[PDB]
Protein chains: 2
Amino acid sequence: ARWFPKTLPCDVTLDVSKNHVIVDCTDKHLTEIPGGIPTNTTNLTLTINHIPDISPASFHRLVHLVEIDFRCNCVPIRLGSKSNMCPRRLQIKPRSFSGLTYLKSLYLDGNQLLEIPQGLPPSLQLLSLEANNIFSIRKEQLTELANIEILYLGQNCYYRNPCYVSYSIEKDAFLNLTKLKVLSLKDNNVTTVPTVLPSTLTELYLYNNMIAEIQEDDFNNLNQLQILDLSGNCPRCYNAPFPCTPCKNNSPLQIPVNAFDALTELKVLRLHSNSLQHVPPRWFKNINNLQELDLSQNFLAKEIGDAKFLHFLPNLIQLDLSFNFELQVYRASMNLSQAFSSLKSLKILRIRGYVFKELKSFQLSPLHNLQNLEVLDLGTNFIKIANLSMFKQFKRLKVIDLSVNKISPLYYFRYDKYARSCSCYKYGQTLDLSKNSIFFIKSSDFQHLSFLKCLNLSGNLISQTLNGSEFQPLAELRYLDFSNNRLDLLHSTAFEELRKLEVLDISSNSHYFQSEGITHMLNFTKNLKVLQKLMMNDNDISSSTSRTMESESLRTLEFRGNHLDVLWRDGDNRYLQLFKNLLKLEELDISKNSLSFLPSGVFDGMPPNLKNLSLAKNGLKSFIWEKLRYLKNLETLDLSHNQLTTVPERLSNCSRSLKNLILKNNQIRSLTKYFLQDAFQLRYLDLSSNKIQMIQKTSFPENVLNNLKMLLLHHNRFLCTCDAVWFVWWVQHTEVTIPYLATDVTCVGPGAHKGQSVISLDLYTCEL
Amino acid sequence: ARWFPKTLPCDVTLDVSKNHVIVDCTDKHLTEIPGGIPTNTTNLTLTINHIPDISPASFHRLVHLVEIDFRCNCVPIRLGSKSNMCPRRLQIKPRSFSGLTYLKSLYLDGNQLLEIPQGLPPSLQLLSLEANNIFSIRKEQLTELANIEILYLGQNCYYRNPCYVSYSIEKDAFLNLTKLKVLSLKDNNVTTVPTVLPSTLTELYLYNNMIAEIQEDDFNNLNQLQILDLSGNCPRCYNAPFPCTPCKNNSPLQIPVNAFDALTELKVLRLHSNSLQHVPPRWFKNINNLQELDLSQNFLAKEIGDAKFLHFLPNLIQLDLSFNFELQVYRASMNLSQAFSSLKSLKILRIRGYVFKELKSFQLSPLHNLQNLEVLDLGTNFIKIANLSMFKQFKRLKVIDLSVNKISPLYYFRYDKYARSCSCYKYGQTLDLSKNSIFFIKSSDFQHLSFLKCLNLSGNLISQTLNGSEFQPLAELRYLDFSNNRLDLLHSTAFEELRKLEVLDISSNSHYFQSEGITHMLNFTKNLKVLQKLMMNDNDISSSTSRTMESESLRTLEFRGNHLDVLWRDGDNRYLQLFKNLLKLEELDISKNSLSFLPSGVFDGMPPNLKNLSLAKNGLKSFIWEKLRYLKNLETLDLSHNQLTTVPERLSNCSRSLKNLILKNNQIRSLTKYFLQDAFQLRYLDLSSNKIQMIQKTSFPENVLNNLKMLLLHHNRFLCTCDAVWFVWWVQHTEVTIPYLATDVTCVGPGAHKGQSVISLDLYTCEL
Ligand SMILES: *[C@@H]1O[C@H](CO)[C@@H](O[C@@H]2O[C@H](CO)[C@@H](O[C@@H]3O[C@H](CO)[C@@H](O)[C@H](O)[C@@H]3O)[C@H](O)[C@H]2NC(C)=O)[C@H](O)[C@H]1NC(C)=O
Ligand SMILES: CCC[C@@H](CCO)Nc1nc(N)nc2c3ccccc3n(Cc3cc(CN[C@H]4CCOC4)ccc3OC)c12
Ligand SMILES: CCC[C@@H](CCO)Nc1nc(N)nc2c3ccccc3n(Cc3cc(CN[C@H]4CCOC4)ccc3OC)c12
Ligand SMILES: *[C@@H]1O[C@H](CO)[C@@H](O[C@@H]2O[C@H](CO)[C@@H](O)[C@H](O)[C@H]2NC(C)=O)[C@H](O)[C@H]1NC(C)=O
Ligand SMILES: *[C@@H]1O[C@H](CO)[C@@H](O[C@@H]2O[C@H](CO)[C@@H](O)[C@H](O)[C@H]2NC(C)=O)[C@H](O)[C@H]1NC(C)=O
Ligand SMILES: *[C@@H]1O[C@H](CO)[C@@H](O[C@@H]2O[C@H](CO)[C@@H](O)[C@H](O)[C@H]2NC(C)=O)[C@H](O)[C@H]1NC(C)=O
Ligand SMILES: *[C@@H]1O[C@H](CO)[C@@H](O)[C@H](O)[C@H]1NC(C)=O
Ligand SMILES: *[C@@H]1O[C@H](CO)[C@@H](O)[C@H](O)[C@H]1NC(C)=O
Ligand SMILES: *[C@@H]1O[C@H](CO)[C@@H](O)[C@H](O)[C@H]1NC(C)=O
Ligand SMILES: *[C@@H]1O[C@H](CO)[C@@H](O)[C@H](O)[C@H]1NC(C)=O
Ligand SMILES: *[C@@H]1O[C@H](CO)[C@@H](O)[C@H](O)[C@H]1NC(C)=O
Ligand SMILES: *[C@@H]1O[C@H](CO)[C@@H](O)[C@H](O)[C@H]1NC(C)=O
Ligand SMILES: *[C@@H]1O[C@H](CO)[C@@H](O)[C@H](O)[C@H]1NC(C)=O
Ligand SMILES: *[C@@H]1O[C@H](CO)[C@@H](O)[C@H](O)[C@H]1NC(C)=O
Ligand SMILES: *[C@@H]1O[C@H](CO)[C@@H](O)[C@H](O)[C@H]1NC(C)=O
Ligand SMILES: *[C@@H]1O[C@H](CO)[C@@H](O)[C@H](O)[C@H]1NC(C)=O
Ligand SMILES: *[C@@H]1O[C@H](CO)[C@@H](O)[C@H](O)[C@H]1NC(C)=O
Ligand SMILES: *[C@@H]1O[C@H](CO)[C@@H](O)[C@H](O)[C@H]1NC(C)=O
Ligand SMILES: *[C@@H]1O[C@H](CO)[C@@H](O)[C@H](O)[C@H]1NC(C)=O
Ligand SMILES: *[C@@H]1O[C@H](CO)[C@@H](O)[C@H](O)[C@H]1NC(C)=O
Ligand SMILES: [Cl-]
Ligand SMILES: [Cl-]
């Protein structure tokens, strides 16, 4: 019961520990900075709005501002929306920030600014101007930035935001920025490394530019540099999903052998997409502490067989040599140099896109004595032959990725993977054979791999009847992903040999369930004694030879995308207890099952400890709410995206346990006279995207509403007459979390109030 | 134009040739028979309504009625809707039909009637009472039906509508119906064949009942019977998707060897699901003209190897022996008796569910000299081995169906396939290998099958790179369905060996298009010189090594369910001419491509003779209508299911050629002041399911409206104030076809008029 309503259209959060007062106006369709922002405000965000200008009046009384995030108010035409394009660039009038003597961070990204904003305070430490039209850096313009530490100037001249000229940087422009630790000139059409840079730099990003050559003294003084990224300079353009111009004559980024000599503190070096053909060992003579090295998207296929530079990298943790194939050569085998054995500290090795026919156990011998190896990733290689038992010498590894290959009996290709916008590994040893050509499996295929905890066979061609003899060696397996295959449940003994299996995914195995007259045994769960979660989604199951699935251990069953409307056809009582004998089942998802109505017997036939039930996306035109009494342990009920028109006359007389009721996206036009009356256990209600016009005090008593952790009411049809005087008042003074209060809890009428937010409504005329 | 607006909520059609005045009120949410039904009404339909009763007042002035279809006004609870269930059964008061001396057909199905309606006219020829609660037929109740010819009484006692007792029929109940040609007692829980039946019967349906035995004289006088159906009497219940009780001891329907002796005119005999183990030749001794014989769902696996009864069936056109497998036996081969060679007139032979491992050429030798054979269907048999070249001896056949099998290098199971409710074969010789386990193809697999005109490999495991050497023998192929496979377009020479190919379906081959960095050649079309239609739907295509698809012959390209939003990413002009060089393309479907906006260059890059363009289901939030000038041959533009808010200022200025414009399911709230001014080519406009409130005279000129073949306006937000005086008058007096005028062209306001149809609106108060 607030004494003064919050009318501001922004989320205000108070952080007493750090003396901070955060005001978040992200995406609030604002044409001006809202009035009445708290005076003690420290963090102000106005991202994704259409405020045309900033002036001294903008932050006149907000003298305690430490951060102003004013991003994407005039986002460039090719990056922003087309339905609501920006007419004119952001206008920053003089002395707009000079008064803010406490300002530490200022983001003015995506505003089509032509020049670096002047008159900034001396307390500024972070300045961000990405996605603007600033493509000429002059020493005089950066004079004001004396105490700056982080400076982002990238994305000011690239294919999604062209400047039509080369990027210009004056000589020694950043040299007097004596506190500059991070500098980013990425995606800018830069032709040379700007010099001289301040020696205090720790991170330098110059990727996706027109730098054809590095001079031997471009980084002669950066003795504190930790991260250096020179990627996408002379790019490898084969199959680039963005406009890509390589250097003439297919030449690489020319780097002198002594260019990195002063970088004794370098930890990360990224040379991705530089068309490199050789990696000279001399580069790493003085770089002893190098931890991460990205050499993906180059022409280093032959170099992988020699790789003498690896002898100078004993502290390297991550090595990426992906997509280095020779454009027209399908190699017979992978040639890994014996130098890979000198990478004592290596944890992650990725060599996707090498492209070779057969993997043999000996080819991986340089990796045998790398005690800290955790990930070996050989995905996207078109490997047709590989004895899976070879991985018995890699029991220590956490993940062995052979995804996207041909074995049988967006990351490397995106332009900027760090572009700013406005799983079973936890179980243990994982062998990923997903998206491969395995059509038949037998126990011998998994010999010597008893240690595996997860096996992902998702997306293979497995059209087979499993009888409990295909995975006999996998005695420790806890997770099997068998999705996107053609499983034939002819026998109820399928998967029984995997005695320690906790999670089984057989989703998207619809093939045999689509043809009539075929036997399906869904009672195979009885034999899996420690199974916790079974997913059998999108199988199109409309028939079953067995009438009951049984299990003493299963806690979650996902059965979405099936045809329970056909199994539970009215007049056919045979499958009404299909899930009843899953005695420890707590979560059942039967959404997307075309259940227009739930026959009588579905609720009585549910397992006894059912906590979360989803009936979403079913086209449910009716629901006997009284039947919820059978589900004595129900905590969450999800009836979203259906065609329900009414709520229960008394929710208390339906379920004593129900905590979370989700009714979003239905046709409810009114709540019953005493809906939540005496339903004190309810802690979450969603009635958003319905067609409710009125909500009275009897249907929504305050003794229940105040207990709610959250209440969603947005996108309804609220009629704002004097009869809604209670709803409008309570919404304005409630402490209960109602998301979208000031942006989507709107009046549809009458006349004057059409489109008006209920939070800003003044019904004083109703009381005179 | 019309002087008197049509206010009746039913479709009135006049057929001057056959002199009928048809009034169709199907599904019009009527609680009473509407007033003002024309006095000349001959055919009146009131199906799917909630009219609680019929009385003499119902058809008082409609003395010329020839047909009354009053079905499903109180449909049984298990068959009907649950959101709006029927409270009480239909009440027919006395003398309701006695006055209608011209009544020929009366349908009172699905009304929960307890007894046969009495007081019917002597002119009635067809009476239908299916899905009611009439399960006791007495001779006295049928005396009024003296001149009846067709009588449907089925579905009055089965699992979806139980009566809890056996069906009773009095002795000689139908005997005095001396004109009865069709009698149907299907799905009724009947225990014996009713006798004596009138000899004038031509069709008798007694399927899905509890008839355990036929007496030798049950059909002793039906010398004019043409169709006899005794299916589902002692049913085969293995994998029945409905409640199925077989006869005790697994015994069949007992039919004496001489039971069909009097049936010299029998053309169709259906013995589906009768658990038959033998078919005695003696049954067909006196049946010489039998044309159709259904023996599916029996236990005739061993009988198929002997089948001596086939020697008495030389005039049989259709033979069905599907789903006769021995429950626990997977046979090594199919044993077809040599007696099949005596079926001289056979055109269709279906033997699905026989279940056998190998198909050998000599096993089909009884079929070699059957000159009229057109269809051989061996689907759902789990055949693992079959030399496709064996079909060289079946060039005369139209369809060879081997769908749903394991070959590698609802119809038979529904309860009542005739239950009433309230393709490449045209190209020539078709070989259907769909839903099989073929993972690799080579030219030798199609040797000796050069005659094939269609080959359906849909839903196989083909993960391969085609280079133009896999289908070398198929020189006459006009249609290849390759959908639901894993095609790898590494080479642009894919499919080029099929030189006479006119239609190619490579839809749902998304596997290789989903992983990054893989080469895809979409320019393979250039080599196919007579290709007319290419479907490459739902492939998730977001990248392509080739920038242009070329073709001198392609007329239709379906590219829905792909990612043209990524290929045409703003700033990337490389794929804007992807479809430009398809010089003879007339229809392009680029719906479901996530195109929120169309970049500049898409319209200019379209082929020159593009006539039909679909951009439906894209989430298009904006559209530069002026760009339609580039599409000089445009005739149909489909922009349905998008987020467009405005129509062009003057459509005629955007496109001189456009004829059909579909804008259904958008956010259009108003039409521009001169929207259709001078749009002389427009013949079809769809503005339904939008949010339009007002339409003025200037937006809809009479010279353009009178040329429209159809105009859709339903499901809008029409405000019915005095400002809508033009639109309300125009809708009432126009002759233009506007569908759903009395069920969905409604007023949303103001107040009083909420929910009212605009056709029934009286705005006389606007002019005083
Ligand atoms: C087709 O006709 C048969 C009879 O020929 C109907 O079966 C009969 O159904 C009733 C009601 O379900 C059964 O009676 C009940 O039996 C139980 C168990 O003894 C008892 O607790 C009830 O109070 C009641 O007496 C009756 O036994 C049963 N008869 C036979 C021979 O099965 C059948 O329902 C009809 N089919 C349909 C679809 O209506
Ligand atoms: C219309 C399909 C009918 C079903 C019936 C199964 O209950 N068959 C099948 N239903 C499914 N879901 N899959 C398959 C299947 C997959 C591969 C090969 C043949 C296959 N059959 C054929 C079949 C097999 C057997 C196996 N026998 C061995 C078991 C241990 O010792 C003997 C017995 C009777 C059979 O049909 C009569 C079926
Ligand atoms: C990251 C994958 C990159 C692409 C590159 C294609 O330009 N490869 C592939 N792209 C697709 N879409 N599929 C396959 C593929 C399928 C099965 C086996 C290997 C496969 N490769 C591998 C490859 C093959 C060749 C075969 N050449 C013979 C053809 C006739 O004479 C020479 C040449 C270079 C190759 O990569 C270097 C690819
Ligand atoms: C409010 O502004 C301050 C200053 O810009 C933000 O402080 C940064 O917080 C992160 C941790 O989240 C630290 O790693 C940085 O070093 C801090 N920067 C500075 C300059 O102190 C703070 O996160 C902002 N709070 C919100 C909620 O926006
Ligand atoms: C990067 O700079 C180059 C020039 O160094 C820009 O290329 C020029 O673009 C104009 C306008 O299209 C042409 O008239 C010139 O001929 C181009 N010069 C050269 C040498 O190519 C290029 O547009 C810039 N990149 C971006 C994304 O703006
Ligand atoms: C109007 O009623 C007549 C009589 O019930 C219908 O006539 C049937 O027409 C079909 C098709 O021409 C014939 O096969 C039937 O034999 C006719 N039945 C009788 C009893 O004559 C006619 O179809 C009805 N028209 C409509 C549109 O409902
Ligand atoms: C491996 O590749 C190197 C060149 O990179 C070559 O010198 C060497 O002979 C190759 N060895 C094998 C076994 O392929
Ligand atoms: C696979 O490798 C194991 C040894 O790791 C060996 O015992 C087995 O025979 C091999 N199988 C094949 C087919 O090479
Ligand atoms: C298996 O791999 C697929 C991708 O091929 C991935 O979507 C899925 O999440 C993986 N399974 C698990 C359990 O991580
Ligand atoms: C399972 O099938 C394999 C062959 O695929 C066979 O060796 C084994 O005996 C079968 N299991 C049982 C229990 O019959
Ligand atoms: C599944 O049901 C079938 C009968 O329908 C039975 O033979 C089989 O033993 C059942 N499976 C289990 C694990 O109980
Ligand atoms: C679903 O059940 C799990 C426990 O099995 C629980 O943690 C989770 O909160 C439930 N879902 C919801 C939405 O409450
Ligand atoms: C609770 O609901 C049931 C069913 O709707 C009803 O019969 C009963 O009277 C209700 N309880 C009270 C106290 O009204
Ligand atoms: C075919 O089946 C019949 C029985 O139906 C049997 O008499 C005959 O020997 C069988 N012949 C072959 C070749 O299998
Ligand atoms: C398939 O049958 C043809 C004869 O029609 C024969 O020439 C060919 O060798 C057979 N192929 C196989 C694999 O047996
Ligand atoms: C191929 O078979 C599938 C069913 O397996 C069917 O949907 C499709 O229409 C068939 N193709 C043609 C061209 O008829
Ligand atoms: C196509 O593949 C076949 C089988 O591998 C091969 O013999 C043939 O040479 C290939 N075609 C071309 C043009 O290389
Ligand atoms: C398809 O494009 C590639 C280059 O991307 C070219 O080599 C090939 O010849 C093209 N194919 C045709 C049929 O034009
Ligand atoms: C026009 O093309 C559409 C596809 O965009 C097609 O569905 C429609 O039937 C075509 N109509 C005519 C008259 O050609
Ligand atoms: C569009 O309208 C203007 C004004 O009448 C006219 O000058 C222009 O030629 C028109 N364009 C087309 C394509 O009809
Ligand atoms: Cl079993
Ligand atoms: Cl090629």
Side-chain angles (χ1 to χ4, degrees), chain A residues 238-239 297 299 301 322-327 329-332 352-358 379-385 404-408 412-413 437 571, chain B residues 76 78 133 135 155-168 187-192 208-210 212 242-245 440 463-469 486-494 511-513 515-522 533 543-546 555-560 585-591 610-616 634-640 658-662 683-684:
Chain A
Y238 193 74
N239 286 340
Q297 295 272 43
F299 299 103
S322 296
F323 295 96
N324 272 295
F325 64 90
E326 317 182 50
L327 277 42
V329 187
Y330 181 31
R331 285 161 163 276
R352 282 146 97 148
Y354 183 91
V355 181
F356 64 106
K357 309 173 194 185
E358 181 161 0
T380 319
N381 277 303
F382 295 93
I383 303 152
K384 291 165 148 186
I385 299 152
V404 190
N405 274 297
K406 291 253 181 194
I407 297 154
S408 41
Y412 295 101
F413 283 73
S437 300
Chain B
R78 297 179 198 193
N133 305 314
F135 48 90
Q155 296 174 258
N156 281 246
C157 190
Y158 74 118
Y159 76 100
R160 297 259 275 168
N161 184 25
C163 77
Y164 305 102
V165 302
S166 284
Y167 200 90
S168 292
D187 317 348
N188 273 346
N189 209 45
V190 170
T191 52
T192 52
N208 294 340
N209 283 307
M210 295 202 306
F242 54 88
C244 186
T245 311
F440 183 73
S463 310
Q464 190 179 349
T465 49
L466 305 178
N467 63 26
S469 73
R486 293 194 181 186
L487 174 62
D488 189 359
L489 289 171
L490 173 56
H491 312 287
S492 71
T493 56
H511 184 73
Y512 289 99
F513 293 106
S515 307
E516 70 169 1
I518 294 171
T519 291
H520 314 294
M521 299 295 184
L522 310 184
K533 181 177 184 180
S543 59
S544 171
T545 307
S546 48
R555 297 202 176 277
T556 297
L557 170 56
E558 310 188 348
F559 207 88
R560 106 182 130 268
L585 201 79
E586 301 203 323
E587 176 175 336
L588 178 60
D589 171 11
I590 51 168
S591 59
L610 182 59
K611 286 167 60 163
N612 307 42
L613 178 57
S614 172
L615 289 154
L634 195 61
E635 288 194 330
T636 303
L637 187 58
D638 180 4
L639 290 154
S640 54
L658 192 70
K659 296 193 179 195
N660 317 312
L661 175 55
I662 309 172
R683 298 286 185 279
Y684 180 101

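The chains referred to below are lettered A, B, ... by the order of the sequence lines, with proteins before strands, and numbering in each begins at 1. Both ligands and their constituent atoms are indexed starting at 1 by order of listing.
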- [ ] Answer yes if a protein heavy atom lies under 4.0 Å from atom 9 (O) of ligand 19, otherwise answer no.
- [x] no
Open item on the list: Looking only at side-chain N and O atoms, does A:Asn405 offer a donor or acceptor that is under 3.5 Å from a partner on A:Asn381?
Closed with: no
Task: Atoms in ligand 3 flagged as close to A:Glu326, the criterion being non-hydrogen separation under 4.0 Å - done: 37 (C)
- [ ] Check step by step if side chain to side chain contact (heavy atoms under 4.5 Å, CB included) holds for B:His491 and B:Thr465.
- [x] CA-CA 7 Å; B:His491 312 287; B:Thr465 49; 4.1 Å; yes
Open item on the list: I'd like to know if A:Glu326 pairs up with A:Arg331 as an ion pair, taking the criterion as any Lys NZ or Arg NE/NH1/NH2 lying under 4.0 Å from an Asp or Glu carboxylate oxygen.
Closed with: yes
TODO: Could you establish whether A:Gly353 and ligand 3 come within less than 4.0 Å of each other, counting only heavy atoms on the residue side?
DONE: no
- [ ] Ignoring hydrogens, tell whether any protein atom lies closer than 4.0 Å to atom 33 (C) of ligand 1; use the non-hydrogen atoms only.
- [x] yes
Task: For ligand 3, the portion of A:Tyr238 having any non-hydrogen atom under 4.0 Å away - done: side chain
Open item on the list: Check this for me - ligand 19, B:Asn612, N or O atoms closer than 3.5 angstrom, yes or no?
Closed with: yes
Open item on the list: Before we go on, tell me: are the rings of B:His520 and B:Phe513 under 6.0 Å apart, centre to centre?
Closed with: yes
Task: Heavy-atom pair of closest approach, residues B:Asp589 and B:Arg560 - done: OD2-NH1, 2.8 Å
- [ ] Enumerate the atoms of ligand 3 whose separation from the nearest heavy atom of B:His491 is less than 4.0 angstrom.
- [x] 29 (C)
TODO: Please work out whether any backbone atom (N, CA, C, O) or any side-chain heavy atom from C-beta onward of A:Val329 is under 4.0 Å from ligand 3, and answer side chain, backbone, both or neither.
DONE: backbone
Task: Part of B:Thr519 within contact of ligand 3 (heavy atoms, under 4.0 Å) - done: both
Task: Test side chain to side chain contact (heavy atoms under 4.5 Å, CB included) applied to B:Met210 and B:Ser166, step by step - done: CA-CA 8 Å; B:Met210 295 202 306; B:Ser166 284; 3.6 Å; yes
TODO: Specify the closest pair of heavy atoms between B:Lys533 and B:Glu558, including all atoms of both residues, with the distance to one decimal.
DONE: CE-OE2, 3.7 Å
Open item on the list: Strictly inside 4.0 angstrom of atom 14 (O) of ligand 19, do you find any protein heavy atom?
Closed with: yes
Task: Selected option - heavy-atom contact closest to atom 26 (C) of ligand 3, from B:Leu490, B:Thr465, B:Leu489 - done: B:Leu490
Open item on the list: Can you name the atoms of ligand 3, numbered from 1 with element, that are less than 4.0 Å from a heavy atom of B:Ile518?
Closed with: 11 (C), 12 (N)
- [ ] Enumerate the atoms of ligand 1 whose separation from the nearest heavy atom of B:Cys157 is less than 4.0 angstrom.
- [x] 37 (C), 39 (O)
Task: For atom 5 (O) of ligand 19, the protein heavy atom that lies nearest, with its residue and separation - done: B:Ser614 CB, 3.6 Å
Open item on the list: Students should be able to answer this: which protein heavy-atom is nearest to atom 5 (O) of ligand 1, and at what distance?
Closed with: B:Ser166 OG, 2.8 Å
- [ ] Applying ring pair (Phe, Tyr, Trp, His ring centres under 6.0 Å), run through A:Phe413 and A:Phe323 and close with a yes or a no.
- [x] CA-CA 9 Å; A:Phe413 283 73; A:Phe323 295 96; 4.8 Å; yes
- [ ] Carefully, step by step, assess B:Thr519 and A:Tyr238 under the rule side-chain hydrogen bond (donor to acceptor under 3.5 Å, both in side chains).
- [x] CA-CA 9 Å; B:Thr519 291; A:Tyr238 193 74; 3.1 Å; yes
Open item on the list: Can you give me the closest heavy-atom contact between B:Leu522 and B:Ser546, atom names plus distance?
Closed with: N-OG, 3.0 Å
- [ ] Output, in order, the C-alpha distance, side-chain angles, deciding distance and verdict of side chain to side chain contact (heavy atoms under 4.5 Å, CB included) for A:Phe382 and B:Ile518.
- [x] CA-CA 10 Å; A:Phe382 295 93; B:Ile518 294 171; 4.2 Å; yes
TODO: Kindly indicate whether atom 27 (O) of ligand 1 is approached by any protein heavy atom to under 4.0 angstrom.
DONE: no
- [ ] Find all atoms of ligand 3 within a distance of less than 4.0 Å from any non-hydrogen atom belonging to A:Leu327, and give their numbers and elements.
- [x] 7 (O), 34 (C), 37 (C)
Open item on the list: If you take the nearest heavy atom of each of B:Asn467, B:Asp488, B:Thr545, which one is closest to atom 12 (N) of ligand 3?
Closed with: B:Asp488
Open item on the list: Under 4.0 Å and counting heavy atoms only, is there anything from the protein next to atom 21 (O) of ligand 1?
Closed with: no
Open item on the list: Could you go through B:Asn660 and B:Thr636, starting from their C-alpha distance and side-chain angles, then the distance that decides it, and tell me whether this counts as side-chain hydrogen bond (donor to acceptor under 3.5 Å, both in side chains)?
Closed with: CA-CA 5 Å; B:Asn660 317 312; B:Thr636 303; 2.8 Å; yes
Open item on the list: If the cut-off is 4.0 Å to any non-hydrogen atom of B:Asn189, which atoms of ligand 1 fall inside it?
Closed with: 1 (C), 2 (O), 3 (C), 33 (C), 35 (C), 36 (N), 37 (C)
- [ ] Within a distance under 4.0 Å of any heavy atom of B:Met210, pick out the atoms of ligand 1 and give their elements.
- [x] 1 (C), 2 (O), 5 (O)
- [ ] Pull out every atom of ligand 3 sitting under 4.0 Å from any heavy atom of A:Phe325, numbered as shown with elements.
- [x] 1 (C), 3 (C), 37 (C)
- [ ] Decide side-chain hydrogen bond (donor to acceptor under 3.5 Å, both in side chains) for A:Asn239 and B:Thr545; before the verdict, give the C-alpha distance in whole Å, the side-chain angles of both, and the deciding distance to 0.1 Å.
- [x] CA-CA 6 Å; A:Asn239 286 340; B:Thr545 307; 2.8 Å; yes
TODO: Step by step, work out the side chain to side chain contact (heavy atoms under 4.5 Å, CB included) result for B:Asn189 and B:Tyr158.
DONE: CA-CA 6 Å; B:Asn189 209 45; B:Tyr158 74 118; over 6 Å; no
- [ ] For atom 8 (C) of ligand 1, state which one of B:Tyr158, B:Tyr164, B:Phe135 supplies the nearest heavy atom.
- [x] B:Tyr164
Open item on the list: How far is atom 7 (O) of ligand 19 from the closest protein heavy atom, and which atom is that?
Closed with: B:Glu587 OE2, 4.5 Å
Task: atom 1 (C) of ligand 1 protein-contacted (non-hydrogen atom, under 4.0 angstrom) - done: yes
Open item on the list: Heavy-atom pairs closer than 4.0 Å: do any link ligand 3 to the side chain of A:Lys406, the backbone, both, or neither?
Closed with: side chain
